[PDB]
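**Q** Have a look at the structure that comes next, please.
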Amino acid sequence: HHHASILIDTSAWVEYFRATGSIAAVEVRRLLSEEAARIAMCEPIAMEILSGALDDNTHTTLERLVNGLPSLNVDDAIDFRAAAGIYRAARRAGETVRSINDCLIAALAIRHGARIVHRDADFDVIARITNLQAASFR
Amino acid sequence: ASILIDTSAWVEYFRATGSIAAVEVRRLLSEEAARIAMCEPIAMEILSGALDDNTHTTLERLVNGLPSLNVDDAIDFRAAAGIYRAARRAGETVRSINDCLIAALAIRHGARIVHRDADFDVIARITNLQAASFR
Amino acid sequence: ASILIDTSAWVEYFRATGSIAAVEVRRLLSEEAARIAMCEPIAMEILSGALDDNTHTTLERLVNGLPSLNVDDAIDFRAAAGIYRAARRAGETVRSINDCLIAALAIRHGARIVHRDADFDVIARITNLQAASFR
Amino acid sequence: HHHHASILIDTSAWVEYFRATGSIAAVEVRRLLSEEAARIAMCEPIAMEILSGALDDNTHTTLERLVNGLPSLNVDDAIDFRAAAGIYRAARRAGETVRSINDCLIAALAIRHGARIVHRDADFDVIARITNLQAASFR
Amino acid sequence: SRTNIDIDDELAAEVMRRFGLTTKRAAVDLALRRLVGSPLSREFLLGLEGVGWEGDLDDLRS
Amino acid sequence: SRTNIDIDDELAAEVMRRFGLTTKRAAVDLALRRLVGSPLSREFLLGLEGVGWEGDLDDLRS
Amino acid sequence: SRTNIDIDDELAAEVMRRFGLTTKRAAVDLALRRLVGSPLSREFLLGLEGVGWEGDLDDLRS
Amino acid sequence: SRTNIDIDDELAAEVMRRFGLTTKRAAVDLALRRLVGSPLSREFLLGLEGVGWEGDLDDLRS
């Protein structure tokens with residue numbers, strides 16, 4: 001009887017990090033304040049987050065965050081093929097997908113029963129052609 | 001020691017371009033087929049560009065018939081991130097973060113990479129990645 | 001003891017027919033998920049009828065995420081043949097030789113099969129197949 | 001290094017031979033057995049079909065000798081079932097008709113092993129139009 | 001098997017809260033089992049009902 | 001935190017096989033971290049707003 | 001017949017592992033039979049013409 | 001390494017004839033290598049040259 005995890009995408013995360021004050025940042029703040037227990041991380045997102053951490057102290061801080069959150073695993077018996085499938089479907093629909101790692105993220109989310117909070121059109125595309133639960137804050 | 005052929009080289013072979021990379025892939029297939037390995041990130045790339053149904057089935061056979069070097073969820077993404085950061089520090093660029101992932105997995109497995117992508121040239125300069133460029 | 005769900009039951013579930021078979025599949029998914037297994041002959045059937053791209057991807061995910069009961073090349077086809085012959089000698093009709101293959105697989109693994117296909121009813125009379133009909 | 005161009009005779013041709021129909025398929029089978037015996041291969045799906053249709057138990061026994069004697073091209077379930085599925089779906093997408101999904105399996109295994117198929121079943125004609133299956137029809 | 005190991009009280013309590021378990025031992029058991037259990041979530045599995053299947057099983061069989 | 005509980009030995013070893021762990025402390029720790037994470041206080045999480053992220057997400061994606 | 005022969009240890013071992021065989025002899029026989037099967041004389045092969053096959057391939061296929 | 005084993009003479013002979021080898025040792029080694037070699041045949045692997053690929057690796061990698 002446990003509720004659906006909420007996977008916050010890198011796109012929304014970055015806003016929060018930068019204190020842009022955009023709806024995405026505000027939404028992330030809300031999530032952190034009111035629904036912290038439901039927030040999940042995955043390793044592709046983690047990789048993205050750490051890769052854009054230039055300052056070493058900041059990087060350290062972000063590592064704490066990424067190791068502190070519950071993780072939705074990548075299972076390479078399943079998720080890469082599923083992402084490929086997603087990508088091809090998108091292509092056949094005449095849609096554009098800027099990052100194949102967004103297809104991976106969506107694949108893992110679908111597998112885990114998690115919903116995604118984001119501000120990247122890729123997830124909009126993917127929710128059109130899969131049963132991904134995605135909420136855009138752009 | 002496994003030989004992990006990168007998507008960059010594979011595509012050359014698939015399109016019969018005649019480049020040195022295609023010829024090296026051919027050689028590998030001819031002489032060292034039992035040593036050739038695949039990984040799921042490469043697989044994903046290969047199948048994502050196989051939009052023709054026949055091409056797709058054929059390359060799926062290839063991916064399913066090669067031994068797989070696993071992605072370790074616990075560490076490999078972290079490793080890739082580390083690699084990326086190191087590249088930046090070294091005043092170089094990496095076009096694809098999944099090349100960092102692939103290189104991480106190769107380093108973990110003790111596999112060598114055959115490629116034609118500058119990313120692997122960069123990564124061999126900041127790790128002990130065994131990479132051979134055919135660009 | 002592994003539970004193999006036959007293609008016949010699966011299809012009911014996928015189409016949300018509300019038949020007893022679909023509901024039993026649902027129940028299995030809810031309460032006994034850890035015991036559910038797949039085999040490659042069933043997998044082939046399932047994917048062959050998944051014509052929509054999304055449907056094929058998601059059923060591919062299903063097939064890749066369930067534990068697999070192997071086909072033993074040396075034995076299973078022979079077993080299936082034997083089963084078929086026995087059925088014919090009993091004056092029974094078998095609609096699909098691949099049902100005999102699947103049942104052979106099941107018998108070898110000690111797996112029970114949940115189905116809505118008369119073929120498995122036929123086969124459980126002439127073998128030790130553990131079959132549960134929800135027709 | 002050591003090439004071998006295996007010939008997989010399909011059940012459809014085999015049956016002609018067994019029945020001595022005198023059809024071009026039967027004659028071709030005969031030719032193969034006389035002149036190219038060292039190249040002939042069997043696979044387990046074909047074997048299953050062959051045994052399944054043997055009604056007389058003596059004949060069945062004889063057939064078992066054949067299918068157990070010929071070199072076998074294996075079914076590898078890490079590969080071949082998915083490949084068959086792929087073949088079948090492609091055929092469907094093409095508006096083509098495939099009578100038997102085990103023909104797709106057989107073709108998949110032939111493609112994997114580098115074997116050519118001798119047959120008289122339109123399924124293999126279809127499959128060679130969508131894959132690089134080497135198939136020769138004798139109807 | 002009875003074992004005395006340091007388990008953070010608060011993580012176990014969180015586990016208990018999320019899965020409706022009454023003991024830390026049960027919680028730990030559940031956490032271990034999820035680690036080596038099915039990769040397909042209940043949610044995904046139940047979401048497959050009504051996904052559709054447009055082929056014809058008669059063609060594959062009968 | 002020193003806690004006396006029954007932990008399925010087989011399960012802990014099974015996890016040790018699957019994840020290449022050489023403990024039980026390792027298996028339990030992982031099991032728990034995966035499922036509920038590590039203690040991340042509310043102030044920590046709120047304090048991350050404005051921590052900065054100088055990378056380019058367009059480089060990582062497109 | 002018995003013969004003294006140099007067999008690559010590693011390959012043999014691998015074979016033994018994969019197929020659960022407990023002798024080198026068994027491994028070697030399996031490998032040879034994979035290559036060429038078991039002896040079928042020309043006479044036997046030609047003798048099969050007209051042996052009969054009273055089944056229906058349409059039943060088995062469609 | 002060297003060992004004394006029974007090898008079916010006829011089978012060995014057959015292998016030698018079919019693969020044009022001169023010695024039992026060679027025959028046995030080839031059989032063992034094929035047994036543990038790739039499930040993908042040389043023919044299939046070389047047939048992939050020019051199969052085609054419709055993607056754009058620049059889009060996948062930026």
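FYI, nothing fancy with the structure tokens labels: chains A, B, ... in order, residues from 1 per chain, ligands from 1 as they appear.
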Which neighbours of region 70-78 of chain A fall inside 8 Å, counting only C-alpha atoms, when residues of the same chain fewer than 2 positions from it are skipped, and could you give them as a list in words?

**A** residues 39, 40, 41, 42, 43, 67, 68, 80, 81, 82, 108, 109 and 112 of chain A; 40, 70, 71 and 73 of chain B; 61, 64 and 65 of chain C; 39 of chain E; 33, 34, 35, 36, 37 and 38 of chain F

**Q** When the cut-off is 9 Å and we count only C-alpha atoms, which residues of chain F are near chain H, given as number ranges by chain?

**A** F: 59-62

**Q** Would you mind exporting N, CA and C atoms of the selected residues as a PDB file, in the first residue's frame?

**A**
ATOM      1  N   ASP F  59      24.860  20.568 -22.769  1.00  0.00           N
ATOM      2  CA  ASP F  59      25.993  19.701 -23.131  1.00  0.00           C
ATOM      3  C   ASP F  59      25.702  18.237 -22.819  1.00  0.00           C
ATOM      4  N   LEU F  60      25.102  17.990 -21.657  1.00  0.00           N
ATOM      5  CA  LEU F  60      24.793  16.630 -21.218  1.00  0.00           C
ATOM      6  C   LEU F  60      23.672  16.003 -22.043  1.00  0.00           C
ATOM      7  N   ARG F  61      22.742  16.838 -22.501  1.00  0.00           N
ATOM      8  CA  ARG F  61      21.583  16.399 -23.277  1.00  0.00           C
ATOM      9  C   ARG F  61      21.694  16.912 -24.720  1.00  0.00           C
ATOM     10  N   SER F  62      21.258  18.143 -24.991  1.00  0.00           N
ATOM     11  CA  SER F  62      21.416  18.755 -26.325  1.00  0.00           C
ATOM     12  C   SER F  62      20.830  20.163 -26.386  1.00  0.00           C
TER      13      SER F  62
END

**Q** For the contact check between chain D and chain C, emit one row per residue of chain D within 7 Å, containing the shortest atom pair and the distance in Å rounded to one decimal, counting only C-alpha atoms, chain then rising number order, as CSV.

**A**
residue,atom,partner,partner_atom,distance
D:44,CA,C:77,CA,6.1
D:45,CA,C:77,CA,6.5
D:48,CA,C:81,CA,5.1
D:51,CA,C:81,CA,6.2
D:52,CA,C:81,CA,5.1
D:74,CA,C:73,CA,6.4
D:75,CA,C:73,CA,5.8
D:77,CA,C:71,CA,6.3
D:81,CA,C:44,CA,5.5
D:82,CA,C:44,CA,5.9
D:84,CA,C:44,CA,7.0
D:85,CA,C:48,CA,5.0
D:88,CA,C:48,CA,6.1
D:89,CA,C:48,CA,5.5

**Q** Based on DSSP run over this structure's backbone, return all residues of chain D in helix (DSSP H, G or I), as a ChimeraX atom specification.

**A** /D:11-19,24-35,37-39,44-52,57-69,80-93,101-113,122-130

**Q** Write out as a list in words which residues come within 12 Å of residue 22 (chain F) when counting only C-alpha atoms, dropping same-chain ones fewer than 6 positions away.

**A**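 The neighbour list is residues 12, 13, 14, 15, 16 and 28 of chain F.
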
**Q** How many Å lie between CA of residue 5 (chain D) and CA of residue 8 (chain G), rounded to one decimal?

**A** 27.0 Å

**Q** Nearest residue to chain E out of A:33, A:136, A:131, A:61, using only C-alpha atoms?

**A**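 Of A:33, A:136, A:131, A:61, the one nearest chain E is A:131, counting only C-alpha atoms.
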
**Q** All in-order C-alpha pairs, least squares, chain H moved onto chain G. Output the fitted coordinates as a PDB file with N, CA and C atoms, in the first residue's frame, please.

**A**
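Just written: out.pdb:
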ATOM      1  N   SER H   1      41.805 -47.996 -29.329  1.00  0.00           N
ATOM      2  CA  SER H   1      42.973 -48.558 -28.593  1.00  0.00           C
ATOM      3  C   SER H   1      43.819 -47.444 -27.975  1.00  0.00           C
ATOM      4  N   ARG H   2      44.761 -47.835 -27.123  1.00  0.00           N
ATOM      5  CA  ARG H   2      45.544 -46.877 -26.346  1.00  0.00           C
ATOM      6  C   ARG H   2      46.699 -46.290 -27.148  1.00  0.00           C
ATOM      7  N   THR H   3      46.962 -45.013 -26.903  1.00  0.00           N
ATOM      8  CA  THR H   3      48.023 -44.284 -27.580  1.00  0.00           C
ATOM      9  C   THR H   3      48.445 -43.119 -26.692  1.00  0.00           C
ATOM     10  N   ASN H   4      49.643 -42.601 -26.935  1.00  0.00           N
ATOM     11  CA  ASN H   4      50.140 -41.429 -26.229  1.00  0.00           C
ATOM     12  C   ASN H   4      50.135 -40.259 -27.206  1.00  0.00           C
ATOM     13  N   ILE H   5      49.337 -39.234 -26.914  1.00  0.00           N
ATOM     14  CA  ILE H   5      49.256 -38.049 -27.769  1.00  0.00           C
ATOM     15  C   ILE H   5      49.175 -36.764 -26.959  1.00  0.00           C
ATOM     16  N   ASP H   6      49.582 -35.668 -27.590  1.00  0.00           N
ATOM     17  CA  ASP H   6      49.386 -34.350 -27.024  1.00  0.00           C
ATOM     18  C   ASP H   6      47.936 -33.925 -27.227  1.00  0.00           C
ATOM     19  N   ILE H   7      47.306 -33.462 -26.152  1.00  0.00           N
ATOM     20  CA  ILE H   7      45.979 -32.868 -26.220  1.00  0.00           C
ATOM     21  C   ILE H   7      46.056 -31.529 -25.509  1.00  0.00           C
ATOM     22  N   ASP H   8      45.570 -30.479 -26.162  1.00  0.00           N
ATOM     23  CA  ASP H   8      45.585 -29.151 -25.568  1.00  0.00           C
ATOM     24  C   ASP H   8      44.763 -29.212 -24.289  1.00  0.00           C
ATOM     25  N   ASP H   9      45.412 -28.960 -23.161  1.00  0.00           N
ATOM     26  CA  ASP H   9      44.763 -29.237 -21.880  1.00  0.00           C
ATOM     27  C   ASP H   9      43.512 -28.365 -21.779  1.00  0.00           C
ATOM     28  N   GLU H  10      43.727 -27.084 -22.081  1.00  0.00           N
ATOM     29  CA  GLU H  10      42.699 -26.053 -21.868  1.00  0.00           C
ATOM     30  C   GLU H  10      41.451 -26.381 -22.683  1.00  0.00           C
ATOM     31  N   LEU H  11      41.657 -26.770 -23.930  1.00  0.00           N
ATOM     32  CA  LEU H  11      40.581 -27.123 -24.833  1.00  0.00           C
ATOM     33  C   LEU H  11      39.747 -28.281 -24.249  1.00  0.00           C
ATOM     34  N   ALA H  12      40.489 -29.289 -23.772  1.00  0.00           N
ATOM     35  CA  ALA H  12      39.878 -30.468 -23.179  1.00  0.00           C
ATOM     36  C   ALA H  12      39.005 -30.070 -21.992  1.00  0.00           C
ATOM     37  N   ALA H  13      39.583 -29.211 -21.158  1.00  0.00           N
ATOM     38  CA  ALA H  13      38.907 -28.712 -19.956  1.00  0.00           C
ATOM     39  C   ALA H  13      37.623 -28.020 -20.318  1.00  0.00           C
ATOM     40  N   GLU H  14      37.697 -27.189 -21.350  1.00  0.00           N
ATOM     41  CA  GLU H  14      36.548 -26.432 -21.867  1.00  0.00           C
ATOM     42  C   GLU H  14      35.434 -27.394 -22.303  1.00  0.00           C
ATOM     43  N   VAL H  15      35.834 -28.439 -23.052  1.00  0.00           N
ATOM     44  CA  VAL H  15      34.886 -29.412 -23.515  1.00  0.00           C
ATOM     45  C   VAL H  15      34.189 -30.083 -22.327  1.00  0.00           C
ATOM     46  N   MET H  16      35.002 -30.448 -21.342  1.00  0.00           N
ATOM     47  CA  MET H  16      34.495 -31.129 -20.155  1.00  0.00           C
ATOM     48  C   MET H  16      33.471 -30.229 -19.435  1.00  0.00           C
ATOM     49  N   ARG H  17      33.786 -28.939 -19.341  1.00  0.00           N
ATOM     50  CA  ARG H  17      32.928 -28.017 -18.649  1.00  0.00           C
ATOM     51  C   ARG H  17      31.601 -27.854 -19.422  1.00  0.00           C
ATOM     52  N   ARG H  18      31.697 -27.810 -20.740  1.00  0.00           N
ATOM     53  CA  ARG H  18      30.518 -27.460 -21.518  1.00  0.00           C
ATOM     54  C   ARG H  18      29.632 -28.623 -21.709  1.00  0.00           C
ATOM     55  N   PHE H  19      30.154 -29.834 -21.743  1.00  0.00           N
ATOM     56  CA  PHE H  19      29.279 -30.975 -21.948  1.00  0.00           C
ATOM     57  C   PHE H  19      29.108 -31.812 -20.679  1.00  0.00           C
ATOM     58  N   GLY H  20      29.622 -31.307 -19.560  1.00  0.00           N
ATOM     59  CA  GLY H  20      29.452 -31.966 -18.270  1.00  0.00           C
ATOM     60  C   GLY H  20      30.037 -33.362 -18.238  1.00  0.00           C
ATOM     61  N   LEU H  21      31.230 -33.525 -18.806  1.00  0.00           N
ATOM     62  CA  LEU H  21      31.927 -34.807 -18.770  1.00  0.00           C
ATOM     63  C   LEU H  21      33.041 -34.729 -17.729  1.00  0.00           C
ATOM     64  N   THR H  22      33.445 -35.888 -17.221  1.00  0.00           N
ATOM     65  CA  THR H  22      34.391 -35.962 -16.109  1.00  0.00           C
ATOM     66  C   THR H  22      35.812 -36.302 -16.536  1.00  0.00           C
ATOM     67  N   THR H  23      35.979 -36.828 -17.747  1.00  0.00           N
ATOM     68  CA  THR H  23      37.281 -37.319 -18.196  1.00  0.00           C
ATOM     69  C   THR H  23      37.652 -36.807 -19.588  1.00  0.00           C
ATOM     70  N   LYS H  24      38.959 -36.723 -19.837  1.00  0.00           N
ATOM     71  CA  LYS H  24      39.480 -36.332 -21.142  1.00  0.00           C
ATOM     72  C   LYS H  24      39.046 -37.325 -22.197  1.00  0.00           C
ATOM     73  N   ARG H  25      39.062 -38.609 -21.844  1.00  0.00           N
ATOM     74  CA  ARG H  25      38.734 -39.678 -22.781  1.00  0.00           C
ATOM     75  C   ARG H  25      37.320 -39.474 -23.297  1.00  0.00           C
ATOM     76  N   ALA H  26      36.401 -39.214 -22.373  1.00  0.00           N
ATOM     77  CA  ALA H  26      34.996 -39.014 -22.725  1.00  0.00           C
ATOM     78  C   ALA H  26      34.831 -37.819 -23.673  1.00  0.00           C
ATOM     79  N   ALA H  27      35.560 -36.763 -23.356  1.00  0.00           N
ATOM     80  CA  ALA H  27      35.530 -35.518 -24.104  1.00  0.00           C
ATOM     81  C   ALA H  27      35.975 -35.772 -25.548  1.00  0.00           C
ATOM     82  N   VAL H  28      37.078 -36.486 -25.660  1.00  0.00           N
ATOM     83  CA  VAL H  28      37.670 -36.754 -26.970  1.00  0.00           C
ATOM     84  C   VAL H  28      36.706 -37.634 -27.752  1.00  0.00           C
ATOM     85  N   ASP H  29      36.096 -38.607 -27.078  1.00  0.00           N
ATOM     86  CA  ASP H  29      35.228 -39.538 -27.825  1.00  0.00           C
ATOM     87  C   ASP H  29      34.019 -38.786 -28.313  1.00  0.00           C
ATOM     88  N   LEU H  30      33.452 -37.935 -27.500  1.00  0.00           N
ATOM     89  CA  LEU H  30      32.258 -37.177 -27.908  1.00  0.00           C
ATOM     90  C   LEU H  30      32.630 -36.280 -29.072  1.00  0.00           C
ATOM     91  N   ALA H  31      33.822 -35.654 -29.004  1.00  0.00           N
ATOM     92  CA  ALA H  31      34.196 -34.755 -30.096  1.00  0.00           C
ATOM     93  C   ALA H  31      34.317 -35.565 -31.377  1.00  0.00           C
ATOM     94  N   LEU H  32      34.931 -36.744 -31.308  1.00  0.00           N
ATOM     95  CA  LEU H  32      35.133 -37.518 -32.517  1.00  0.00           C
ATOM     96  C   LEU H  32      33.759 -37.978 -33.061  1.00  0.00           C
ATOM     97  N   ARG H  33      32.850 -38.304 -32.177  1.00  0.00           N
ATOM     98  CA  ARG H  33      31.560 -38.809 -32.651  1.00  0.00           C
ATOM     99  C   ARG H  33      30.786 -37.685 -33.292  1.00  0.00           C
ATOM    100  N   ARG H  34      30.838 -36.505 -32.729  1.00  0.00           N
ATOM    101  CA  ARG H  34      30.107 -35.375 -33.332  1.00  0.00           C
ATOM    102  C   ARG H  34      30.732 -35.054 -34.679  1.00  0.00           C
ATOM    103  N   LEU H  35      32.069 -35.126 -34.750  1.00  0.00           N
ATOM    104  CA  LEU H  35      32.722 -34.771 -36.024  1.00  0.00           C
ATOM    105  C   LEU H  35      32.292 -35.615 -37.194  1.00  0.00           C
ATOM    106  N   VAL H  36      32.069 -36.907 -36.986  1.00  0.00           N
ATOM    107  CA  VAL H  36      31.684 -37.808 -38.083  1.00  0.00           C
ATOM    108  C   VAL H  36      30.190 -38.169 -38.097  1.00  0.00           C
ATOM    109  N   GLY H  37      29.406 -37.525 -37.235  1.00  0.00           N
ATOM    110  CA  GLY H  37      27.981 -37.808 -37.120  1.00  0.00           C
ATOM    111  C   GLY H  37      27.185 -37.163 -38.238  1.00  0.00           C
ATOM    112  N   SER H  38      25.865 -37.258 -38.148  1.00  0.00           N
ATOM    113  CA  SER H  38      25.003 -36.734 -39.193  1.00  0.00           C
ATOM    114  C   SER H  38      25.155 -35.227 -39.312  1.00  0.00           C
ATOM    115  N   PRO H  39      25.143 -34.702 -40.552  1.00  0.00           N
ATOM    116  CA  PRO H  39      25.059 -33.250 -40.702  1.00  0.00           C
ATOM    117  C   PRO H  39      23.717 -32.662 -40.249  1.00  0.00           C
ATOM    118  N   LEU H  40      22.714 -33.516 -40.043  1.00  0.00           N
ATOM    119  CA  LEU H  40      21.411 -33.082 -39.564  1.00  0.00           C
ATOM    120  C   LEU H  40      21.362 -33.191 -38.044  1.00  0.00           C
ATOM    121  N   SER H  41      21.135 -32.071 -37.376  1.00  0.00           N
ATOM    122  CA  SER H  41      21.152 -32.032 -35.921  1.00  0.00           C
ATOM    123  C   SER H  41      19.983 -32.803 -35.343  1.00  0.00           C
ATOM    124  N   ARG H  42      20.152 -33.230 -34.099  1.00  0.00           N
ATOM    125  CA  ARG H  42      19.061 -33.881 -33.371  1.00  0.00           C
ATOM    126  C   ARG H  42      17.827 -32.974 -33.367  1.00  0.00           C
ATOM    127  N   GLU H  43      18.062 -31.677 -33.179  1.00  0.00           N
ATOM    128  CA  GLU H  43      16.982 -30.719 -33.042  1.00  0.00           C
ATOM    129  C   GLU H  43      16.170 -30.668 -34.338  1.00  0.00           C
ATOM    130  N   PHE H  44      16.867 -30.642 -35.464  1.00  0.00           N
ATOM    131  CA  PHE H  44      16.192 -30.575 -36.753  1.00  0.00           C
ATOM    132  C   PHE H  44      15.389 -31.873 -36.990  1.00  0.00           C
ATOM    133  N   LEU H  45      16.008 -32.975 -36.609  1.00  0.00           N
ATOM    134  CA  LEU H  45      15.431 -34.289 -36.911  1.00  0.00           C
ATOM    135  C   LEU H  45      14.160 -34.483 -36.073  1.00  0.00           C
ATOM    136  N   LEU H  46      14.207 -34.129 -34.833  1.00  0.00           N
ATOM    137  CA  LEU H  46      13.025 -34.254 -33.979  1.00  0.00           C
ATOM    138  C   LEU H  46      12.000 -33.214 -34.325  1.00  0.00           C
ATOM    139  N   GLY H  47      12.382 -32.058 -34.830  1.00  0.00           N
ATOM    140  CA  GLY H  47      11.488 -31.020 -35.270  1.00  0.00           C
ATOM    141  C   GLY H  47      10.662 -31.431 -36.446  1.00  0.00           C
ATOM    142  N   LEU H  48      11.075 -32.468 -37.175  1.00  0.00           N
ATOM    143  CA  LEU H  48      10.303 -32.965 -38.318  1.00  0.00           C
ATOM    144  C   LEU H  48       9.030 -33.708 -37.915  1.00  0.00           C
ATOM    145  N   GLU H  49       8.928 -34.146 -36.663  1.00  0.00           N
ATOM    146  CA  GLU H  49       7.697 -34.793 -36.223  1.00  0.00           C
ATOM    147  C   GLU H  49       6.552 -33.779 -36.239  1.00  0.00           C
ATOM    148  N   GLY H  50       5.572 -34.017 -37.106  1.00  0.00           N
ATOM    149  CA  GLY H  50       4.433 -33.119 -37.252  1.00  0.00           C
ATOM    150  C   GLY H  50       4.645 -31.978 -38.229  1.00  0.00           C
ATOM    151  N   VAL H  51       5.720 -32.031 -39.019  1.00  0.00           N
ATOM    152  CA  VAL H  51       5.955 -31.025 -40.071  1.00  0.00           C
ATOM    153  C   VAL H  51       4.807 -31.014 -41.077  1.00  0.00           C
ATOM    154  N   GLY H  52       4.219 -32.185 -41.305  1.00  0.00           N
ATOM    155  CA  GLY H  52       3.131 -32.343 -42.262  1.00  0.00           C
ATOM    156  C   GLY H  52       3.588 -33.045 -43.526  1.00  0.00           C
ATOM    157  N   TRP H  53       2.626 -33.557 -44.278  1.00  0.00           N
ATOM    158  CA  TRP H  53       2.885 -34.179 -45.574  1.00  0.00           C
ATOM    159  C   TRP H  53       1.550 -34.221 -46.302  1.00  0.00           C
ATOM    160  N   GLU H  54       1.487 -33.590 -47.471  1.00  0.00           N
ATOM    161  CA  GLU H  54       0.208 -33.334 -48.140  1.00  0.00           C
ATOM    162  C   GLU H  54      -0.187 -34.423 -49.145  1.00  0.00           C
ATOM    163  N   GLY H  55       0.680 -35.412 -49.345  1.00  0.00           N
ATOM    164  CA  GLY H  55       0.465 -36.431 -50.364  1.00  0.00           C
ATOM    165  C   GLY H  55      -0.468 -37.543 -49.932  1.00  0.00           C
ATOM    166  N   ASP H  56      -0.636 -38.514 -50.819  1.00  0.00           N
ATOM    167  CA  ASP H  56      -1.419 -39.707 -50.536  1.00  0.00           C
ATOM    168  C   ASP H  56      -0.572 -40.887 -50.981  1.00  0.00           C
ATOM    169  N   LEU H  57      -0.022 -41.621 -50.019  1.00  0.00           N
ATOM    170  CA  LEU H  57       0.891 -42.707 -50.353  1.00  0.00           C
ATOM    171  C   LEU H  57       0.188 -43.817 -51.136  1.00  0.00           C
ATOM    172  N   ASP H  58      -1.123 -43.962 -50.936  1.00  0.00           N
ATOM    173  CA  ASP H  58      -1.919 -44.921 -51.709  1.00  0.00           C
ATOM    174  C   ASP H  58      -1.901 -44.609 -53.209  1.00  0.00           C
ATOM    175  N   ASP H  59      -1.943 -43.328 -53.569  1.00  0.00           N
ATOM    176  CA  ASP H  59      -1.875 -42.933 -54.980  1.00  0.00           C
ATOM    177  C   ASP H  59      -0.490 -43.205 -55.575  1.00  0.00           C
ATOM    178  N   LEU H  60       0.558 -42.934 -54.804  1.00  0.00           N
ATOM    179  CA  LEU H  60       1.924 -43.191 -55.262  1.00  0.00           C
ATOM    180  C   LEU H  60       2.216 -44.684 -55.430  1.00  0.00           C
ATOM    181  N   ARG H  61       1.577 -45.516 -54.613  1.00  0.00           N
ATOM    182  CA  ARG H  61       1.847 -46.955 -54.581  1.00  0.00           C
ATOM    183  C   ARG H  61       0.709 -47.854 -55.080  1.00  0.00           C
ATOM    184  N   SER H  62      -0.469 -47.280 -55.336  1.00  0.00           N
ATOM    185  CA  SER H  62      -1.693 -48.049 -55.626  1.00  0.00           C
ATOM    186  C   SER H  62      -2.049 -48.995 -54.476  1.00  0.00           C
TER     187      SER H  62
END

**Q** Per residue of chain A within 12 Å of chain H, which atom pair is closest and at what distance in Å (one decimal), using only C-alpha atoms, listed by chain and increasing number, as a Markdown table?

**A**
| residue | atom | partner | partner_atom | distance |
| --- | --- | --- | --- | --- |
| A:84 | CA | H:60 | CA | 10.9 |
| A:87 | CA | H:60 | CA | 10.0 |
| A:88 | CA | H:55 | CA | 9.8 |
| A:91 | CA | H:55 | CA | 9.9 |
| A:92 | CA | H:55 | CA | 11.9 |
| A:96 | CA | H:59 | CA | 10.0 |
| A:97 | CA | H:59 | CA | 8.8 |
| A:98 | CA | H:59 | CA | 7.5 |
| A:99 | CA | H:60 | CA | 7.0 |
| A:100 | CA | H:60 | CA | 6.4 |
| A:101 | CA | H:60 | CA | 9.3 |
| A:102 | CA | H:60 | CA | 11.3 |
| A:103 | CA | H:60 | CA | 11.3 |

**Q** Only C-alpha atoms, please: the residues just picked out, written as a CSV table (one decimal), in the first residue's frame.

**A**
chain,number,residue,atom,x,y,z
A,84,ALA,CA,15.7,2.0,-27.3
A,87,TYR,CA,13.3,6.2,-28.8
A,88,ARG,CA,12.4,4.4,-31.9
A,91,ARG,CA,11.2,8.7,-34.0
A,92,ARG,CA,8.4,6.9,-35.9
A,96,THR,CA,12.2,14.7,-31.7
A,97,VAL,CA,14.1,13.5,-28.6
A,98,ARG,CA,17.1,15.5,-27.5
A,99,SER,CA,18.6,13.0,-25.0
A,100,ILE,CA,18.5,9.2,-25.2
A,101,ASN,CA,19.1,9.2,-21.4
A,102,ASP,CA,15.7,10.8,-21.0
A,103,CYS,CA,14.3,7.7,-22.6

**Q** Could you pull out the strand (DSSP E or B) residues of chain H, going by DSSP on the backbone, and write them as a PyMOL selection string?

**A** chain H and resi 2-6

**Q** Given the selection you just returned, output its residues as a file containing C-alpha atoms, formatted as a PDB file, in the first residue's frame.

**A**
ATOM      1  CA  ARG H   2      48.755 -34.661 -22.731  1.00  0.00           C
ATOM      2  CA  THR H   3      46.285 -37.343 -21.683  1.00  0.00           C
ATOM      3  CA  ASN H   4      45.205 -40.842 -22.704  1.00  0.00           C
ATOM      4  CA  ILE H   5      41.538 -41.034 -23.750  1.00  0.00           C
ATOM      5  CA  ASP H   6      39.191 -43.066 -25.898  1.00  0.00           C
TER       6      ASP H   6
END

**Q** CA of residue 23 (chain A) and CA of residue 138 (chain A), how far apart in Å?

**A** 6.7 Å

**Q** Please measure the separation of CA of residue 67 (chain D) and CA of residue 21 (chain D), giving the value in Å to one decimal.

**A**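 It comes out at 21.0 Å.
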
**Q** Would you please work out which residue, of B:6, B:32, B:53, B:12, is nearest to chain C when using only C-alpha atoms?

**A**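 Checking each of B:6, B:32, B:53, B:12 against chain C, counting only C-alpha atoms, the winner is B:53.
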
**Q** So which residues touch residue 120 (chain C) within 12 Å, counting only C-alpha atoms, skipping near sequence neighbours fewer than 6 positions away, as JSON, numbers by chain?

**A** {"C": [5, 6, 7, 8, 9, 83, 84, 87, 92, 93, 94, 95, 96, 97, 98, 99, 100, 101, 102, 103, 104, 106, 107, 112, 113, 114, 126, 127, 128, 129, 130, 131, 132, 133, 134, 135]}
